[PDB]
Amino acid sequence: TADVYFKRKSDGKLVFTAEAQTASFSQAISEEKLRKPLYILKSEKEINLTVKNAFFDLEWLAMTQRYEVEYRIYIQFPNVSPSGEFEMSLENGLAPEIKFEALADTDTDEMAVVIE
Amino acid sequence: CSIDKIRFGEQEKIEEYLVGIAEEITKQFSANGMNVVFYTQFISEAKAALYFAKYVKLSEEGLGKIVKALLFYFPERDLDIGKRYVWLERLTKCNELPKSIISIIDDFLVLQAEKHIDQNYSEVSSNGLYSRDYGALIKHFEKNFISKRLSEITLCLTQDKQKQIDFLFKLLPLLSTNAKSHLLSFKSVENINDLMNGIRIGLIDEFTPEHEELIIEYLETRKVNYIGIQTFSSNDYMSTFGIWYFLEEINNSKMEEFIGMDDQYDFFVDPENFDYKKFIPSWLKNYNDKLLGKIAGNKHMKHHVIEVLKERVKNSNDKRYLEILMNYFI
Amino acid sequence: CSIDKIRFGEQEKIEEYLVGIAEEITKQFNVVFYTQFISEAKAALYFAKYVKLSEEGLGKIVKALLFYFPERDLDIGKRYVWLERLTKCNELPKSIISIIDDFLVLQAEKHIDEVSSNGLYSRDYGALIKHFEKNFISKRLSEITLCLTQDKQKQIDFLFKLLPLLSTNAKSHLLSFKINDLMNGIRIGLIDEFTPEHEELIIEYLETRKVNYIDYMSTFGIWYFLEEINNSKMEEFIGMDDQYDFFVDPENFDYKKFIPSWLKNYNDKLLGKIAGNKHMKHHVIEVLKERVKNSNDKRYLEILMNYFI
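Residues numbered from 1 in each chain as written, not as in the entry; some residues may be left out. Chains lettered and ligands numbered in written order. Part of a larger assembly, values for the part shown. Heavy atoms only, no water.

- Its PDB header attributes the entry to cryo-EM and lists the resolution as 3.62 Å.

1. Considerations on the interface of chain C and chain B
No. 1: Contact residues are listed per partner, giving 5 residues for chain C and 4 residues for chain B.
No. 2: For the pair chain C and chain B, the two sides together bury roughly 420 Å², of which 90% comes from carbon and sulfur.
No. 3: Counting the surface chain C buries against chain B, the share from its top three residues, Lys289(C), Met305(C) and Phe308(C), is 78%.
No. 4: Our count for the contact surface shared by chain C and chain B stands at 0 salt bridges.
No. 5: Across the contact surface, chain C and chain B share 0 residue pairs in polar contact.
No. 6: It is helix α16 (residues 281–294) of chain C that contributes the most residues to the side of chain C that touches chain B, 3 residues altogether.
No. 7: Classifying every residue of the side of chain C that touches chain B gives 3 nonpolar, no polar and 2 charged. (Contact = heavy atoms within 4.5 Å. Buried area = accessible area lost by both parts, 1.4 Å probe. Salt bridge = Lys/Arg side-chain N within 4 Å of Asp/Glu carboxyl O. Polar contact = N/O pair within 3.5 Å; in protein donor to acceptor, adjacent residues only side chain to side chain. Helix = DSSP H or I, 4+ residues; strand = E, 2+ residues; numbered from the N terminus. Nonpolar A, V, L, I, M, F, W, Y, C, P; charged D, E, K, R; others polar.)

2. So, the nonpolar core
No. 1: In this structure, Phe77(A), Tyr134(B), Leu137(B) and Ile138(B) are the most contacted members of the largest nonpolar core, which totals 71 residues.
No. 2: Sort the elements by how many residues they give to this core and helix α5 (residues 99–115) of chain B lands first, with 8 residues.
No. 3: Dropping the residues within four chain positions of it, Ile138(B) is found in contact with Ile102(B), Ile105(B), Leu109(B), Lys143(B), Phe145(B) and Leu174(B). (Core = buried A, V, L, I, M, F, W, Y, C linked by side-chain atoms within 4.5 Å. Buried < 20%, exposed > 50% of the residue type's maximum accessible area, 1.4 Å probe, protein only.)

3. Some details on the packing of helix α3 (residues 55–68) of chain C against helix α5 (residues 94–110) of chain C
Residue and element names in this part refer to chain C.
No. 1: Close contact between α3 and α5 brings their axes to 10 Å; oriented N to C, the two are set at 10 degrees. With respect to their mutual orientation, α3 and α5 come out roughly parallel. Contacts between α3 and α5 pair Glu55, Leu58, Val62, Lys63, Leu66 and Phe67 from the former with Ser95, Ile96, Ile99, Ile100, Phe103 and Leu106 from the latter.
No. 2: A per-class count over the contact of α3 with α5 returns 9 nonpolar, 1 polar and 2 charged. (Axes fitted to C-alpha atoms, helices over the stretch in contact; angles between N-to-C directions. Parallel < 35°, antiparallel > 145°, perpendicular 65-115°, else oblique.)

4. Things to note about a nonpolar patch on the surface
Residue and element names in this part refer to chain B.
No. 1: Side chains of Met34, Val36, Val37 and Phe38 sit close together on the surface and give an oily, nonpolar patch of about 370 Å² of accessible area.
No. 2: Along the chain, the position of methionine 34 falls in the loop between α1 (11–30) and α2 (36–52).
No. 3: Judged by relative accessible area, which is 46%, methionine 34 ranks as partly exposed. (Patch = residues over 30% accessible without salt bridge, like charges linked within 9 Å, V, L, I, M, F, W, Y side chains within 5 Å. Areas by Shrake-Rupley, 256 points an atom, 1.4 Å probe, with all protein chains shown as cover.)

5. Description of the interface of chain A and chain B
No. 1: Each side of the interface is counted separately: chain A has 32 residues, and chain B has 46 residues.
No. 2: Across the interface of chain A and chain B, roughly 3,500 Å² is buried in total on both sides, 52% from carbon and sulfur atoms.
No. 3: Our enumeration of links across chain A and chain B arrives at 2 salt bridges.
No. 4: Counting every contact that joins chain A to chain B gives 13 residue pairs in polar contact.
No. 5: Residue assignment for the side of chain A that touches chain B shows that the elements contributing at least two residues are β6 (98–102) and β7 (104–105) of chain A.
No. 6: Grouping the constituent residues of the side of chain A that touches chain B by class yields 15 nonpolar, 3 polar and 14 charged.

6. Topic: a negative patch on the surface
All names here are of chain B.
No. 1: A cluster of acidic side chains, namely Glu210, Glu213, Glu217, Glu220 and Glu257, defines a negative patch on the protein surface.
No. 2: Relative to the helices and strands, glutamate 217 is located in helix α11 (residues 209–226).
No. 3: On the accessibility criterion, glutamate 217 (38% relative accessible area) is partly exposed. (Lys, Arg positive; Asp, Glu negative; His and termini not counted. Charge placed at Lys NZ, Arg CZ, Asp CG, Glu CD.)

7. Concerning the pattern of salt bridges
No. 1: Taken as a whole and judged by the stated rule, the model has 28 salt bridges over all chains.
No. 2: The salt bridge involving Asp57(A) is made with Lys13(A); its shortest N-O contact spans 2.4 Å.
No. 3: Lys13(A) sits in the buried class, given a relative accessible area of 17%.
No. 4: In this structure, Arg299(C) and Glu302(C) form a salt bridge, with 2.6 Å as the shortest nitrogen-oxygen distance. Linking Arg299(C) with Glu302(C), this pair stays in helix α17 (residues 299–307), spanning 3 residues, or about one helical turn.
No. 5: For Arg299(C), a relative accessible area of 18% corresponds to the buried category.
No. 6: Residue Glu302(C) is classed as partly exposed on the basis of its relative accessible area, which comes to 27%.

8. Some remarks on the environment of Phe16(A)
Residues and elements named next belong to chain A.
No. 1: Its location among the elements puts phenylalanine 16 in strand β2 (residues 14–24).
No. 2: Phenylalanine 16 sits in the buried class, given a relative accessible area of 15%.
No. 3: Ignoring sequence-local partners within four residues, the contact set of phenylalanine 16 consists of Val4, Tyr5, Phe6, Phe55, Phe56, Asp57 and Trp60.

9. What to know about the packing of aromatic side chains
No. 1: Applying the stated rule across the entire model yields 43 aromatic pairs over all chains.
No. 2: Geometrically, the ring pair formed by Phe267(B) and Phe279(B) is edge-to-face, given 5.4 Å between the ring centres and 75 degrees between the ring planes. With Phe267(B) in helix α13 (residues 266–269) and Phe279(B) in the loop between α13 and α14 (283–286), this pair connects stretches of sequence that are 12 residues apart.
No. 3: Under the relative-accessibility criterion, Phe267(B) is labelled buried at 5%.
No. 4: Through a chain of ring-to-ring contacts, three or more aromatic side chains come together here, namely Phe246(B), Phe267(B), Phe268(B), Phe274(B), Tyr276(B), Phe279(B), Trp283(B) and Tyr287(B).
No. 5: Directly above the ring of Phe169(B) sits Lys187(B), whose terminal nitrogen or CZ lies 5.2 Å from the centroid.
No. 6: The positively charged end of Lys273(C) is found above the aromatic ring belonging to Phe225(C), 5.9 Å away from the centroid. (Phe/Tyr/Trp six-rings, centres within 6.5 Å; stacked < 30°, edge-to-face > 60°. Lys NZ or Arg CZ within 6 Å of the ring centre and 35° of its normal.)

10. Concerning unusual backbone geometry
No. 1: We note that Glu248(B) has phi near 65 degrees; this positive angle belongs to a residue other than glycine.
No. 2: With respect to the helices and strands, the residue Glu248(B) is situated in the loop between α12 (238–246) and α13.
No. 3: On the basis of relative accessibility, which here comes to 54%, the residue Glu248(B) falls in the exposed class.
No. 4: Located in the positive-phi region is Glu227(C), a residue other than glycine, with phi close to 60 degrees.
No. 5: With respect to the element layout, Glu227(C) can be found in the loop between α12 (218–225) and α13 (242–248).

Here you go:
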């Protein structure tokens, strides 16, 4: 029962709102054998977010014919990207789910920040 | 379940299947953009096929065309560079690297070098893996390759395009000797990120006082910025300093003032008072053969590690924890 | 899943339901209704292992599954499984001991003329009786032990297994009437410390095994390992079989002839004694890890995560 505010990177405009259902924090290692030398602490960090219901901003669809989100104490999560998968069903359909995963840039080397 | 146990028959038929789908994607991207509905229907199947392609032995022209399609003629919006890289690693798992795919990876990373002209533009990967890992894989499976085009580019490289400098920095082993000298002419170790970039490319073999002062400066900075509200991050540098101290590669007992603000830091430096209740078993996943041998040899926490090991392996069914406890009995 | 760990709420209605089921099964003694009622009853009493229940209700349930349950659906070994499951969560005061004693003398009257697939019978009923509140005497068993005619072998044989539950005067008749003799006596508990005649019989049986060399023999070795026999002569009697060589000597016993199945027969106390002995530690951990990494049997993994042999 936590709300989602998805907004643009460039400005403070809100792309939409939602109510996320699940977050995957799949942090693990890569293949060890194929990847004395100084230790680097290799990892396969991966974070994904999935939401069941989303209410769409009227302004974005009004003028629309690298973002970030806030999940609510409340956690900001920047540098995101939607994932474009959609398969239709024989049954008429109804709740719009959407997935966005964590886009990691080279410089920052961190992905998740939390505030309280 | 470990899907590596399954046997693959009629490899020729699936080989033709992937040859055809790679041809289709190359034709699609090659001209006229794409057919939107057909693209949305077909991209997921193509991605799944290329992903599952790891377990099939492929002919030379086969995986050559497959890798060229996967890298060049794939729209950027679905897989970023990191997913493309791990995809390449998977499909090269079965097949050793021949000369041709070295040509392909070389010229594509050449276009990547061409891309970083705008300073706003930086390569982004979901998994955090970038072209420096490409250079790592050429070094791993070739061990002697020296690039020509990149050396020529960095020969005509000036102070203006900083992105070019710090890109060619991360792939220095591929660079030639004169190319390496030209690149390091304008390159100096300014921040920590540069520090383990040079470490990973292999330039740094020991910590001269410059790296020591840089890391202690970062430690002072984080001690300053911690103090009332606090924010969790996943930069994994402080844990790296901890594992450096435990390995005894570093020999400056000045950072002991930095006990407390995070876990997996004091456990490598002062494990005897690490307060094991906050130990997250996932730590044991990140390390490797040598580090695991080391923390097995330390013996001052080995009982705690074996306790958490048996607890996790009994509670979980990952079947990797049994491997980690069985190999070295930590 | 560890159903013991997961907590339970609203105990009042849960114990009321258990009490009602017990009352119904008591008043039962129409079979078509019974056909499906019996599965529900068995499931309830089996899975009620993890629920706290008050005293009087506990007595009702124990009476219910002690007498009124027939043998077609609930066997005597299953009756044990059920009642020990019930007693795991809550320890029984004197009353439940009284009812189970009454059921034991009911079994005594039954034996005037006992099948368990798990092979659990009244002797380990007496074992559970003696496990807690050891200072117990079965008065009814005592007076029926005083009246033990020599002709009626079945009653004495059944009561022979119930040695500790009787009194000295009662057990006097049983010891008056009642290598196999020694091992059954120690198993039931007729004698706890071995008299010199006992190790003399053991040594003569071993000597006969020697003269036949050029199946309770492993018991002598596992007695040596526990330091229960101190005749100081069985060290001259090594080599008949692999397991005896294991117990009687830690390092002389060659380790390639070990069979891990013996560890599946080892109980908790002597396996812990092996673990803490440290004389055979290397080979036992080697074979344990080899079995874990090479066999699908999971008894070895519990061996390691409990004892570290």
